[PDB]
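Novice: Fold the following, please.
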Amino acid sequence: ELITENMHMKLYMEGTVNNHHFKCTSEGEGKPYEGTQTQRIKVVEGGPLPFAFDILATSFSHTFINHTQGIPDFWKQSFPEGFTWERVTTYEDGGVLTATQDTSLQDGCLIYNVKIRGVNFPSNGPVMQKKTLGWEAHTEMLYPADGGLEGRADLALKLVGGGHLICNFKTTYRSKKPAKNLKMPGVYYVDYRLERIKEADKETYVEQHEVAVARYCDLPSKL
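Specialist: Numbers count the residues shown, from 1 in each chain. The coordinates are given below.
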């Protein structure tokens, strides 16, 4: 009843990649239960960025997952309290991005505060030469663990030349809401598709859209 069929969000992010500091912000909107969302991002500080903006794209929304099959919604359940997520992405060429997030509810609008932290990206790899062309769609595996939710996934980032560079996500979602107040979910999976719908001024303004669906596997079962 506090998460409605249309909401808004407003974001703020600060961080450092191989020691280039920047800050960013956005507003956005979508449909928490149809699973859809758009965000409008401007690098407000530290731009143009000397790295490809696709490494940051997965840091800008877990309230907007469309949840099929009575799978309880760890995320919509967390409010009004909200929730935090905390990650680490290891790229398969040495780059490690650690990110820590806070989602909170203030005035019908959802609020995101994120700190990014990047190091050891290779200086003639793609992130740093900006040879990248967006993320492929991906599936995240999820499973309660220790008072929160743990997530695990590999995404593939497309490159000029045609191959991909792979990366790992390790994520933990802890409730900003004392357990008693939340049913946990089994093991399950969320499928994403995150897309870049517009950029301008060498990525100092970006528009991003995402569809997410939660479901089980459907492979039958001899068990």
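Novice: which parts of stretch 179-194 are buried?
Specialist: 182, 185, 188, 189, 190, 191, 192, 194 (16 or more other C-beta atoms under 10 Å). Heads up, the C-betas are built off the backbone N, CA and C, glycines and all.
Novice: Take those and keep only those in strands.
Specialist: Filtering these for membership in strands, criterion DSSP state E, returns 188, 189, 190, 191, 192, 194.
Novice: Which single one of the residues you listed is nearest to residue 51?
Specialist: residue 194 (17.7 Å; C-beta to C-beta).
Novice: Out of the buried residues of stretch 179-194, which is nearest to residue 55?
Specialist: Within the set of those, residue 194 lies nearest residue 55; the separation is 12.4 Å, counting by C-beta to C-beta.
Novice: Quick check: nearest residue in space to the closest one, chain neighbours excluded?
Specialist: What sits nearest to residue 194 in space, not counting adjacent residues and going by C-beta to C-beta, 6 or more residues apart in numbering, is residue 210, at 4.5 Å.
Novice: Next: residue 108.
Specialist: When the adjacent residues along the chain are set aside, residue 108 lies closest to residue 7, with 6.9 Å between them (C-beta to C-beta, 6+ apart).
Novice: How many residues are close by that neighbour?
Specialist: Using other C-beta atoms under 10 Å, the number of residues around residue 7 comes to 19.
Novice: What of residue 205?
Specialist: By the other C-beta under 10 Å criterion, the neighbourhood of residue 205 contains 15 residues.
Novice: One more: the one 5 residues further on?
Specialist: By the measure other C-beta under 10 Å, the count of residues near residue 210 is 23.
Novice: Contacts for the helix or strand containing it, please.
Specialist: In this structure, residue 210 is located in strand 205-215 according to DSSP states H and E. If you take C-beta atoms under 8 Å, 6 or more residues apart in numbering as the criterion, strand 205-215 is touched by 35-43, 53, 57, 60-61, 64-69, 71, 73, 188-200.
Novice: in that strand, what counts as buried?
Specialist: Applying a neighbour-count criterion of 16+ other C-beta under 10 Å, one finds 206, 207, 208, 209, 210, 211, 212, 214 buried in strand 205-215.
Novice: quick check, nearest of the residues you listed to residue 134?
Specialist: residue 208 (9.8 Å).
Novice: and the closest one, what are its bridge partners?
Specialist: Here residue 208 shows beta-bridge partners residue 39, residue 196, assigned using DSSP bridges.
Novice: For this structure, which segments count as strands?
Specialist: With strands called from DSSP E, the chain shows them at 7-17, 20-31, 36-45, 66-67, 83-91, 96-105, 109-119, 132-135, 138-144, 148-159, 164-175, 188-200, 205-215.
Novice: could I get those as a markdown table with distance to residue 125?
Specialist: Compiled in a markdown table, the strands of the chain are given as follows (distance: least, C-beta to C-beta, whole Å):
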| stretch | distance to residue 125 |
| --- | --- |
| strand 7-17 | 12 |
| strand 20-31 | 15 |
| strand 36-45 | 21 |
| strand 66-67 | 35 |
| strand 83-91 | 8 |
| strand 96-105 | 13 |
| strand 109-119 | 12 |
| strand 132-135 | 10 |
| strand 138-144 | 20 |
| strand 148-159 | 10 |
| strand 164-175 | 8 |
| strand 188-200 | 20 |
| strand 205-215 | 21 |
